[PDB]
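S.K.: Have a look at the structure that comes next, please.
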Amino acid sequence: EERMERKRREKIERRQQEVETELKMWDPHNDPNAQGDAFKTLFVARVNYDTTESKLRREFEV
Amino acid sequence: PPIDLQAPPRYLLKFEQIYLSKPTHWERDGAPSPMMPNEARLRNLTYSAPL
């Protein structure tokens with residue numbers, strides 16, 4: 001009953017600390033992959049893995 | 001030739017350069033769509049791009 005809560009607390013704190021280390025090491029804004037104006041760029045997810053680059057062009061150039 | 005008007009106030013209204021998009025089609029919501037050439041054939045649309 002208590003050892004489980006202890007393991008949940010440790011894994012949660014361990015992750016939170018890894019979160020602080022990742023935020024300090026990696027900078028989202030300073031990303032080479034990211035380019036262009038942020039208000040211009042768009043984000044699309046749940047895309048099928050078979051979608052060819054040309055297929056995504058023909059669908060988002062419209 | 002640019003068009004000049006007189007009412008005095010005078011206007012120039014000169015054209016500079018053209019930009020031609022690709023074939024696009026809008027529904028009621030305003031969604032542009034890529035008209036398959038087949039889609040234009042099927043829906044009796046016109047394969048044209050806005051200028």
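Lettering and numbering for the structure tokens are positional, with chains as A, B, ... in the shown order, residues counted from 1 in each chain, and ligands counted from 1 in the shown order.
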Would you pick out the contacts of range 25-33 of chain B at 12 Å or less, using only C-alpha atoms, so that residues sharing its chain but fewer than 6 positions from it are not included, and give the list as a PyMOL selection string?

M.R.: (chain A and resi 58-62) or (chain B and resi 39-40+43+45-50)

S.K.: From a DSSP pass on the backbone, collect the residues of chain B flagged as strand (DSSP E or B) and hand them back as a ChimeraX atom specification.

M.R.: /B:5-6,10-11,25-26,32-33
